[PDB]
Amino acid sequence: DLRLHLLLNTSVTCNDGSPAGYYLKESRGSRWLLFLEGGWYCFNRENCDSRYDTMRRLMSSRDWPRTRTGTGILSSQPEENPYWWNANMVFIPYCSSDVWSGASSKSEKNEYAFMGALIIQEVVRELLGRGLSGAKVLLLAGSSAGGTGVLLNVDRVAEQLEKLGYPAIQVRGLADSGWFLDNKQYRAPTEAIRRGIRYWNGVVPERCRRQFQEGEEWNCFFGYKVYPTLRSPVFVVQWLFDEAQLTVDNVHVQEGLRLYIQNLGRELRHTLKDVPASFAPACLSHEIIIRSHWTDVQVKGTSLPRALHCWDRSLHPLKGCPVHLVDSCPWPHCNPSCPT
Ligand SMILES: *[C@@H]1O[C@H](CO)[C@@H](O)[C@H](O)[C@H]1NC(C)=O
Ligand SMILES: CCC(=O)Nc1nc(C)cs1
Ligand SMILES: CCC(=O)Nc1nc(C)cs1
């Protein structure tokens, strides 16, 4: 079990002004995994009000429980988590509705606070006094909106630790199910994100901002565009036929739809050709890393926990221990190990 700590700086808040926080389980014999929860987002007063009625735990800490159980990559049992398992474990709840990009407080002009980028910085800050100062690796991981959040924030964490005087901590990223395409729909994300950035005062990585310039920062929310601007090592996990991608594409089988689905998989595979650390199975699904049975899926005979271990070794190719694992077969569940 991981134990809740609300942020000591109570000006760093969830949407409704309640304090943000993190859940922690220390492992004193180990030198850190910080995981970003996902859960869509909201981009105007009306749709944020709706989310506050029926998804309030994603906008407030008032009802959070005192503990949570670590699962998947957050599990401390080697049977469930062959990778790491002995690491210090941190789960950061998503309560900012801003894909972890916001830097704006609640005020007389703002009904809600959007502080995702500042929540991450404050968590890292308060952890340094609880043992993070002695770390050798900090892995910033996340699923869905949290996976996009890794891409937007990993280099800022590295810069923060350098400026605070901790140059020996190696910061790395693991982005799960947050690598989306701004593609043609079958019957939109780009417009919703463009409006969100204005509403949230959203921030993107500096090198990506300088490429796309004012008004075009929405481009940096799309993995294949922001990834080449990043300096920290990042491992990318993405289903080739992601259910959230298909949902925004208005897909819920005749020739037209067959060709659309096959072209989606081919496009995703193309965007990963130059990503040396990646795991991309040919399955229709969504998310992976915090599921208890995350060890079952294999690409070309290699599981995700093994691929991550091989990545660790590469950061010290390796005989029989690969890190670039992308299916080439063209239809959902052509890989027999896909989740049932
Ligand atoms: C609390 O966080 C805010 C936002 O980052 C910052 O401006 C302020 O200085 C912090 N306060 C303290 C006491 O650290
Ligand atoms: C919130 C996760 C999701 O389904 N969609 C996202 N789209 C972008 C562009 C970031 S997160
Ligand atoms: C990167 C060189 C290499 O093979 N690394 C190794 N790591 C272990 C754990 C044994 S050898």
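When reading the values below, keep in mind they use all heavy atoms of this one structure, side chains included, and skip hydrogens, waters and symmetry mates. Positions are given from 1, in the same order as the sequence printed here. Order of listing sets the numbers, starting from 1, for every ligand and every atom in it.
The parts of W40 lying near ligand 2 are both backbone and side chain, judged by heavy-atom distances below 4.0 Å. Both the backbone and the side chain of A145 come within 4.0 Å of ligand 2, counting heavy atoms alone.
Protein heavy atom nearest atom 5 (O) of ligand 1, with residue, atom name and distance: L118 CD2, 4.2 Å. Annotation: atom 1 (C) of ligand 1 to nearest protein heavy atom, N9 ND2, 1.4 Å. Remark: minimum distance from atom 5 (N) of ligand 3 to any protein heavy atom is reached at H316 CD2, 3.4 Å. Given atom 4 (O) of ligand 3, the protein heavy atom at minimum distance is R313 NH2, 2.9 Å. In terms of protein heavy atoms, atom 2 (C) of ligand 3 is closest to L318 CD2, 4.2 Å. Of all protein heavy atoms, the one closest to atom 10 (C) of ligand 2 is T148 OG1, 3.7 Å.
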Return all side-chain donor-acceptor pairs below 3.5 angstrom for residues 301-311, not counting sequence neighbours, or 'none' if the list is empty.
| residue | atom | partner | partner atom | Å |
| --- | --- | --- | --- | --- |
| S303 | OG | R306 | N | 3.3 |
| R306 | NH2 | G320 | O | 3.0 |

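Close to ligand 2: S144, with a non-hydrogen atom less than 4.0 angstrom away.
Under the 6.0 Å cut-off for aromatic ring centres, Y186 and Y260 qualify, their centroids lying closer than that. Aromatic ring centroids of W179 and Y224 lie 6.0 Å or more apart. Taking the six-membered ring where the residue is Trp, the centroids of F235 and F279 are separated by 6.0 Å or more.
For atom 7 (N) of ligand 2, the nearest non-hydrogen atom from the set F222, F221, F180, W218 comes from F180.
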Working note: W294 + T71, criterion side chain to side chain contact (heavy atoms under 4.5 Å, CB included); need CA distance, chi angles, decisive distance, verdict. CA-CA 9 Å; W294 76 301; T71 58; over 6 Å; no
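Side-chain contact, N183 with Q245: a donor N or O sits under 3.5 Å from an acceptor N or O.
Considering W84, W32, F35 as possible partners of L139, the one that fulfils the side chain to side chain contact (heavy atoms under 4.5 Å, CB included) test is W84.
For atom 9 (O) of ligand 1, the nearest protein heavy atom lies 4.0 Å or farther away. Closer than 4.0 Å to atom 13 (C) of ligand 1 lies none of the heavy atoms of the protein.
Set against the non-hydrogen atoms of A244, the atoms of ligand 2 under 4.0 Å away are 4 (O). For ligand 1, the atoms sitting less than 4.0 Å from at least one non-hydrogen atom of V12 are 2 (O), numbered in the order shown with element in parentheses. Ligand-side atoms of ligand 1 in range of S11: 1 (C), 2 (O), 3 (C), range being under 4.0 angstrom from any heavy atom.
Between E267 and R269 there is no salt bridge, since none of the side-chain N atoms of the basic residue sits less than 4.0 Å from a carboxylate O of the acidic one. Electrostatic pairing of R210 and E206 counts as a salt bridge here, judged by a charged N lying under 4.0 Å from a carboxylate O.
Between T295 and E80, the shortest heavy-atom contact is CG2-O, 3.7 Å.
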